[PDB]
Structure formats: structure tokens, C-alpha cells
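Asks: Here the working numbering = 1-based position in the sequence shown + 1331.
Each residue gets a CB set at the ideal place from its N, CA and C atoms; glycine is no exception.
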Amino acid sequence: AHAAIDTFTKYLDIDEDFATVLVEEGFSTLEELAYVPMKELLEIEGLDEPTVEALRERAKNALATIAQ
Ligand SMILES: [Au+]
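1) Among residues of its own chain, excluding the 5 on either side of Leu-1386, which ones have a beta-carbon nearer than 7 Å to its beta-carbon?
2) Can you name the start and end residues of the alpha helix (DSSP H) that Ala-1395 belongs to?
3) Is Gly-1377 near ligand 1, in the sense that its beta carbon is under 7 Å from a heavy atom of that ligand?
4) Could you compute how far the alpha carbon of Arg-1389 sits from the alpha carbon of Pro-1368?
5) For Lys-1370 and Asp-1348, what's the separation of their Cα atoms in angstroms?
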């Protein structure tokens, strides 16, 4: 458990356990969480649309913040 998990945990403001699930599901960057079609994110266990939209918003805000 390294870089990718730490990024999701810190910038998406979620628990490490779920950040770990994201990596196991094949995700590794904020760009993916923010821009990949929702239908895809909705395929991972534990996620429903409202939460996916919240995570996408956080991913977008994180990218803007990091760019600074
Ligand atoms: Au669910």
C-alpha cells in the first residue's frame, strides 16, 4: 500500500480501506476518479451514484489544488 492509496485517502477524504479497494479495482490517479465515465465507477462494490458524484467533485477540487 503506497502512493496511489495515500493520494486517494488524503485528497478524496475517505477511509484507507476504500482507497485500497479503488486500487484493487484498477484505479491509480485522481484524473481517473474525476473524468472516467460514471458507469465505470458504478461497477465497483460499495459505490452508489451520489457517493460517486461526491468523490468526482473531490477529485476535481484536488487536481486544481495540486496544480498550485
Ligand atoms: Au452500494
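Replies: Working from what's here:
1) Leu-1343 and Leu-1364
2) 1380-1397
3) yes
4) 16 Å
5) 22 Å
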